[PDB]
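Have a look below at one chain only, the form deposited in one PDB entry, in structure tokens format.
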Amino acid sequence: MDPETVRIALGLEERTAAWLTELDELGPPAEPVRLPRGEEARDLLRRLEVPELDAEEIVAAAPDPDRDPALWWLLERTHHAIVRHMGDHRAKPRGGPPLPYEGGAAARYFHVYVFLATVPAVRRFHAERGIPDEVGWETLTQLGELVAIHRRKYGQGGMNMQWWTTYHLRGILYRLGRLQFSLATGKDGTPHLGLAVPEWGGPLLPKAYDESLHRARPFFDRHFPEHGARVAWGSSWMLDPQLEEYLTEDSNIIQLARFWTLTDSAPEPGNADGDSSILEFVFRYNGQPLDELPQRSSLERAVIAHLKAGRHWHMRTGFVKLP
């Protein structure tokens, strides 16, 4: 197939042409793409904590190279475009575009098939790096979380956070308890660990947070000794000191943010670039009228009150030294 024919068949916008040309030149992977099917697929989906409803739909809709040639062409090359950067955190996280939902369940779940086809490659990388199986699996379970999030956010099955799953699938991100850590480098090339907080797993309890922080250096120094990070960095809505106006002392965010050293400038009050982040993480916002959003928690109340007041939320950046 030719990349223009693929683009047109799948309903992809003209701006995706450059990506598809790149994928055309890259070509099919040396290891042919294999999707698990039937109970094999159900077993893997369940290991990845994908909800039963979604898993059943994913297995039912799995595409076929003969009936779905354009989608299959893209599946092979998208998988290839990820595994070519296995272990490489310097590569940008390019998972490819979302497919228009006019292509049905195969299109909606496209990046889930990408993830399933890539599990064997990343598990091999985990083994080569000596990563314990339980860490490898715990890391990959965010697929189920992100599937679940799609359904909450939009109302039908899907997974449109494929940019983020490139980290898991390249073996550059690991969940070590409540927190995730990714191999990362600053602009001057200095190694650090990027810290992230997956939604599933309950509140960010101080004891769970501290336990994750204690695991970070031992884990990376054992399996990625060439990296040598001494610091964790984070950029997040939850590092915004404005939260202190609204959250109480019993808030986990308030207690733990006090350990962080913020390194960006106090943002301009009128800068609205951080509103979308907090609305995504608190509400999985999809453009609904602000006063239709729930108001059951202190944070839900805070986000809306602050925005109603004409004020803005800002992503802030900081670090903590690794124990």
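From 1 onward, residues are counted along the sequence shown.
What comes next is about the form deposited with a partner chain bound, which is not displayed.
Practice item. Consider the chain as shown here, without its partner, and state which of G103, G177, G87, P93 has a heavy atom within 4.5 Å of the partner chain in the bound PDB entry. Key: Filtering the options by heavy-atom distance leaves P93.
**Study point:** One residue of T261, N286, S276, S265 in contact with the partner chain, assessed in the bound PDB entry (non-hydrogen atom, 4.5 angstroms)
**Key:** Residue within 4.5 Å of the partner: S276.
Point to revise | Among 202-210, 159-167, 103-111, 132-140, the region lying within 4.5 Å of the partner chain in the bound PDB entry by heavy atom distance | key: Flagged stretch: 159-167.
Check your understanding: At the 4.5 Å heavy atom threshold, is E49 in contact with the partner chain in the bound PDB entry?
Key -> Because no heavy atom of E49 falls inside 4.5 Å of the partner chain in the bound PDB entry, the answer is no.
**Study point:** Touches the partner chain in the bound PDB entry: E280 (any heavy atom, 4.5 Å)
**Key:** Yes.
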